[PDB]
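Protein chains in written order, with PDB author numbering: chain V, 388 to 532; chain S, 434 to 625; chain E, 490 to 537; chain A, 50 to 252, 268 to 383; chain P, 1 to 200, 204 to 290; chain X, 246 to 293.
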Amino acid sequence: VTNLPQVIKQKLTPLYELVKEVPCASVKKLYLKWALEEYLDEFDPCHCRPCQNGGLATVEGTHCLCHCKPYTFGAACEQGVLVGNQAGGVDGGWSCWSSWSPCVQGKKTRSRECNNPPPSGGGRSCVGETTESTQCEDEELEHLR
Amino acid sequence: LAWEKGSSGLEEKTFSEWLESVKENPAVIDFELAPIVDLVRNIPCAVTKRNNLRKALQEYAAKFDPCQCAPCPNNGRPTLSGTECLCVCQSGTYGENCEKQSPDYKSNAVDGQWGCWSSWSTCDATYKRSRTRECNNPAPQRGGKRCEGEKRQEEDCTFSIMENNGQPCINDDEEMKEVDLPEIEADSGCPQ
Amino acid sequence: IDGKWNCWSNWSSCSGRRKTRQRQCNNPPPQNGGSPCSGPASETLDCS
Amino acid sequence: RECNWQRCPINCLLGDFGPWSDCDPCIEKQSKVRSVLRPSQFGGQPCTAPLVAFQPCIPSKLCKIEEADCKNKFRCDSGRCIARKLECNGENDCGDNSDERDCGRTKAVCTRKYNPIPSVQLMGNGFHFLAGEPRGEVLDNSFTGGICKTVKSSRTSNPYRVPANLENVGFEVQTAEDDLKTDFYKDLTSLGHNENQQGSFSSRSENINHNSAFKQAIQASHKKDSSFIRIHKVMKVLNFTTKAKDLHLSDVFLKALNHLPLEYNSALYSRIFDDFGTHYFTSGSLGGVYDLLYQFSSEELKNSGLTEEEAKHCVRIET
Amino acid sequence: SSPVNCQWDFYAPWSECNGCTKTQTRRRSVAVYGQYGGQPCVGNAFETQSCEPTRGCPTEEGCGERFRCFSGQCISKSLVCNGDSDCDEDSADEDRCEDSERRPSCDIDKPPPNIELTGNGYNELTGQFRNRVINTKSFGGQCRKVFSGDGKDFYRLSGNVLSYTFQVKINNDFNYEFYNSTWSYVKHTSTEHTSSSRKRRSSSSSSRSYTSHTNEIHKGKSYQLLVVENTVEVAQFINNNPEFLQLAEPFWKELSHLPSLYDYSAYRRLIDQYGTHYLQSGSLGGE
Amino acid sequence: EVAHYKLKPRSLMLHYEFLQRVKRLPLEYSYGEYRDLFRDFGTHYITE
Ligand SMILES: *[C@@H]1O[C@H](CO)[C@@H](O)[C@H](O)[C@H]1NC(C)=O
Ligand SMILES: *[C@@H]1O[C@H](CO)[C@@H](O)[C@H](O)[C@@H]1O
Ligand SMILES: *[C@@H]1O[C@H](CO)[C@@H](O)[C@H](O)[C@@H]1O
């Protein structure tokens with residue numbers, strides 16, 4: 388392995404931060420951002436009604452798949468038995484954002500409210516924030532032009 | 434050596450072959466630190482970029498000082514990447530952020546560590562501001578121990594006086610030029 | 490036996506268009522076969 | 050037993066974005082900052098909305114950065130002024146080769162191939178004191194200084210060459226924190242009982273008789289043995305001191321420091337700390353660590369049991 | 001759970017009209033994602049039609065005082081005939097130079113053994129690596145060398161890497177857990193009689212045994228093992244921030260082919276090839 | 246899995262035997278000549 392490695396742990400920067408020395412790069416940076424935000428808006432597992440048995444969903448192009456936990460199987464991870472320590476119940480998970488509210492005082496808002504089958508059987512609450520608020524796009528429209 | 438299950442205690446054959454290999458590639462096990470910003474001497478505008486770089490370290494600490502982390506389990510030091518805290522664990526503590534213990538380590542309970550500074554208390558009636566911290570990550574309850582390093586700071590209430598207008602370029606060697614040679618002087622004219 | 494369809498019907502008319510598939514000989518149930526499927530047993534799209 | 054021992058997930062929160070800072074000429078950008086209201090920890094949602102923003106922007110002053118004349122030191126093609134002694138050095142002290150590219154016969158290159166001190170570039174990395182991990186390559190710890198000074202690790206070892214950033218290095222073998230802790234708990238139980246009973250009774269001519277009896281024996285056990293062994297050894301094969309003055313900074317560090325704007329910017333000067341780290345090792349134990357915890361549990365249970373019972377009931381009648 | 005077949009949304013309102021292609025693309029985003037063995041959305045996530053644009057195609061621009069490669073990337077004139085390949089793919093900096101003008105750039109050509117993976121892109125949501133984003137090997141006419149204390153070799157580093165360390169760590173965790181059980185059991189019963197009678204001569208006699216038995220046994224055993232182990236051979240590999248990363252030729256080509264008007268279909272094509280992020284730093288090692 | 250290949254997205258340099266059937270395709274539509282290109286050179290090119 389010292390003579391043929393792989394990447395093992397990673398710290399990340401968003402891809403859009405790289406765009407440099409191409410035509411319109413200034414604009415392309417923001418557009419690759421909004422496109423990444425919209426890519427994430429397609430890809431975020433929130434679209435998938437959650438896998439059972441602690442499996443994590445992912446988006447295939449226009450479709451959902453499950454990273455099941457070991458020796459529990461099938462498309463929803465319903466069949467078989469888990470291995471290792473188990474907490475019981477069902478830990479909570481989000482459905483996708485309600486689309487951003489129109490701007491007030493330079494800021495949007497959006498809300499997600501754990502609307503998939505709720506944290507149950509003593510399982511932990513959904514990991515995240517119910518609401519976000521973000522500054523509006525008008526500085527691109529005025530400034531980059 | 435890492436593969437050895439350990440039921441025997443140390444197998445000196447493996448431990449010695451490893452230890453000989455440690456001579457061939459070490460890792461930093463303990464260390465004594467000086468701040469990055471003391472180093473720099475080559476760069477144009479060294480002194481200016483240095484001043485700004487101390488100043489950024491102060492702001493960086495104000496933003497990313499892991500004092501802001503929730504109390505570390507089992508007396509680990511809190512440490513912050515920028516976007517997540519993780520706890521640095523004590524010998525006999527493990528898990529992602531020190532949540533669990535070896536059966537011997539449970540005996541300690543010493544528990545002496547800080548939470549963040551308050552913001553500055555404004556000038557102390559000799560024009561010095563100050564701030565304090567309160568030993569208030571999970572407290573020295575069952576056992577007893579002091580959190581380390583002075584509880585309070587005093588810092589002169591310094592602020593700006595003049596119109597900002599950018600910054601000047603400064604380099605370490607230059608300023609002691611009380612004398613330097615007469616220039617090429619192509620605008621011929623006359624000296625004094 | 491593992492299932493696969495016949496060739497799909499080419500299209501229906503424009504203004505919403507459909508393709509359809511069957512397994513009449515192919516099907517799993519004779520001698521207690523496996524999965525019948527790998528995709529959509531019927532398919533439809535916009536004309537443009 | 051425990052479950053969900055790992056503590057409740059703090060999800061990150063960041064403030065509202067500040068102003069777009071005074072627009073930096075030489076970078077041709079303006080930076081919008083935001084601060085942390087609570088970090089993520091125990092596995093909460095990260096600060097996934099990215100923590101800083103830069104907008105392309107029109108300058109509003111000239112750039113005031115100087116060029117280095119550097120008093121007869123040798124300006125390499127990437128702009129480092131190396132020591133004048135190293136002109137036509139041999140080896141390559143610029144990294145760029147500018148020191149040697151066109152020359153007559155060089156100054157004396159060393160009498161042999163020599164390897165550097167083991168792991169020596171770690172002594173030239175930075176450390177992020179807030180995050181407990183390395184960052185940067187702050188010093189080029191493959192810089193040779195144009196000289197052939199050497200240290201011997203063992204009679205069996207090859208000789209090693211000292212990079213000019215180090216004031217001293219010692220090879221040793223040590224154990225400098227040494228810890229073995231062990232526990233045993235052993236428990237055995239042995240239980241048993243055994244028994245018997247008997248009896249009989251008695252009472268036209270007519271007569272009646274009875275008998276009964278019983279036996280039992282049982283033995284049982286539980287045993288536990290559970291044992292623990294934690295060994296922590298800190299071993300210190302190298303120890304070092306980095307110089308007090310004139311350290312050779314890495315190419316990739318010396319690049320970033322020059323690039324920084326002369327006017328302040330919080331995000332730009334802050335990335336130096338994500339990139340290069342906060343502090344560097346002035347001295348330290350380039351050592352090894354072994355940490356070992358071996359926990360064992362064993363538990364056992366047993367039974368044996370036996371029983372019998374009997375009864376008899378008889379009568380005679382006659383005339 | 002019930003199989004979910006996908007559903008298309010109604011189309012988006014086309015796009016800003018593309019100045020180079022003279023076309024417009026409309027998105028067809030997803031109303032319901034297919035799940036639980038149900039179908040993906042049949043057909044195309046976009047469609048495109050001709051359109052006369054008020055938008056210009058952006059021109060594309062070269063290098064001025066800097067040298068230019070065949071791709072259109074720009075490189076310093078101090079890197080022409082440096083004898084490394086400074087142009088990422090096409091090495092126009094190495095075309096037809098004289099052996100009298102050529103010079104050594106460094107003693108060796110070998111990198112750390114998979115430095116390439118450090119410059120890959122990263123798709124956070126599939127979890128996978130994505131294709132070559134940072135040029136991992138812009139040597140930059142420099143002889144930044146390291147002796148690796150592992151695999152026992154000298155290597156060359158690029159000015160794109162902030163730090164290549166050569167620390168080793170190996171961290172191992174084992175859990176082994178075991179059960180075994182066994183039982184045996186026996187039951188017996190018997191119920192019995194006799195009678196004899198004589199009268200005068205005549206007589207009769209009888210006897211019985213009902214008798215019964217039962218046994219059972221069970222055994223059960225399970226053994227479960229986990230090992231997780233990590234190896235490292237460089238532990239912070241740090242890529243620089245975007246001010247000093249130099250990009251891969253085909254990724255930088257895609258950044259030039261990106262439309263500068265907001266076609267969502269066009270910007271997906273970069274994100275699918277190169278991911279959501281680049282690896283800013285990491286451990287290169289093994290698992 | 247001890248190599249990973251990715252082909253460039255475009256600006257490609259073609260193998261001359263393919264290039265010569267492509268220069269021999271009609272601009273008129275008649276499926277048979279186009280069918281032989283897929284027979285000789287495949288339906289899709291390998292990109293990753
Ligand atoms: C390093 O540790 C050794 C023991 O190996 C000691 O003799 C030496 O003085 C220490 N070096 C310094 C000066 O830190
Ligand atoms: C007929 O139509 C589709 C085209 O989308 C084919 O892929 C499939 O064979 C179906 O039966
Ligand atoms: C798609 O169609 C919408 C209709 O609202 C237009 O507004 C847009 O310009 C695009 O052509």
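We treat Cβ as the ideally placed atom computed from N, Cα and C, and that holds for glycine.
Closest to residue i by C-alpha separation, out of the options, would be which residue?
i                      : options                       : result
residue 133 of chain A : A:145, A:120 and A:144        : A:120
residue 79 of chain P  : P:54, P:138, P:59 and P:57    : P:138
residue 419 of chain V : P:263, P:285, P:289 and P:287 : P:263
residue 189 of chain P : A:373, A:101, A:271 and A:249 : A:373
residue 197 of chain A : A:234, A:165 and A:159        : A:159
residue 501 of chain S : A:88, A:123, A:356 and A:224  : A:88
residue 297 of chain A : A:230, A:191 and A:283        : A:230
residue 284 of chain P : P:1, P:205 and P:245          : P:245
residue 388 of chain S : S:568, S:466, S:622 and S:473 : An answer regarding residue 388 of chain S cannot be provided, because it is not within the stretch 434 to 625 covered by chain S.
residue 131 of chain P : P:259, P:253 and P:261        : P:253
residue 480 of chain V : V:493, V:501 and V:486        : V:501
residue 587 of chain S : S:447, S:475 and S:556        : S:556
residue 86 of chain P  : P:242, P:165 and P:74         : P:74
Applying the criterion that 16 or more other CB atoms from any shown protein chain within 10 Å of the CB defines a buried residue, is residue i buried or exposed?
i                      : result
residue 594 of chain S : exposed
residue 187 of chain P : exposed
residue 615 of chain S : exposed
residue 470 of chain V : exposed
residue 560 of chain S : exposed
residue 520 of chain E : exposed
residue 157 of chain A : exposed
Considering only the beta carbon of each residue, do residue i and residue j sit closer than 8 angstroms?
i                      : j                      : result
residue 88 of chain P  : residue 135 of chain P : yes
residue 125 of chain P : residue 430 of chain V : yes
residue 6 of chain P   : residue 33 of chain P  : yes
residue 172 of chain P : residue 451 of chain S : no
residue 276 of chain P : residue 235 of chain P : no
residue 342 of chain A : residue 490 of chain S : yes
residue 203 of chain A : residue 232 of chain A : no
residue 66 of chain A  : residue 522 of chain V : yes
residue 53 of chain A  : residue 514 of chain V : no
residue 64 of chain A  : residue 83 of chain A  : yes
residue 216 of chain A : residue 305 of chain A : yes
Tell me where the alpha helix (DSSP H) around residue i begins and ends.
i                      : result
residue 322 of chain A : 315 to 323
residue 452 of chain S : 445 to 457
residue 491 of chain S : 479 to 497
residue 115 of chain P : 115 to 118
residue 28 of chain P  : Where residue 28 of chain P is concerned, there is no enclosing alpha helix (DSSP H), given that its DSSP letter is neither H nor E.
residue 142 of chain A : Element bounds for residue 142 of chain A: n/a, residue is neither H nor E.
residue 520 of chain E : Here residue 520 of chain E belongs to no alpha helix (DSSP H), and DSSP marks it neither H nor E.
residue 511 of chain S : Element bounds for residue 511 of chain S: not the alpha helix (DSSP H) but the beta strand (DSSP E), 510 to 513.
residue 339 of chain A : 330 to 339
For the beta strand (DSSP E) that contains residue i, what are its first and last residues?
i                      : result
residue 180 of chain P : 169 to 199
residue 293 of chain A : 269 to 299
residue 444 of chain V : 443 to 447
residue 182 of chain A : 182 to 184
residue 108 of chain P : Run containing residue 108 of chain P: none; DSSP gives neither H nor E here.
**Request:** Assess, as a yes-or-no matter, whether the stretch 247 to 264 of chain X is touched by the stretch 286 to 293 of chain X under the definition of 3 or more beta carbon pairs within less than 8 angstroms.
**Result:** With a cut-off of 8 angstroms, the stretch 247 to 264 of chain X and the stretch 286 to 293 of chain X count as touching, because enough Cβ pairs lie within range.
**Message:** Contact between the stretch 312 to 319 of chain A and the stretch 15 to 30 of chain P is defined here as three or more beta-carbon pairs at a separation below 8 angstroms; is this criterion met?
**Reply:** no
**Request:** Report yes or no: do three or more beta-carbon pairs, one from the stretch 452 to 461 of chain V and one from the stretch 402 to 413 of chain V, lie closer than 8 angstroms?
**Result:** no
**Message:** Tell me whether the stretch 513 to 530 of chain S and the stretch 569 to 584 of chain S touch, counting them as touching only if at least three CB pairs, one residue from each stretch, are closer than 8 angstroms.
**Reply:** no
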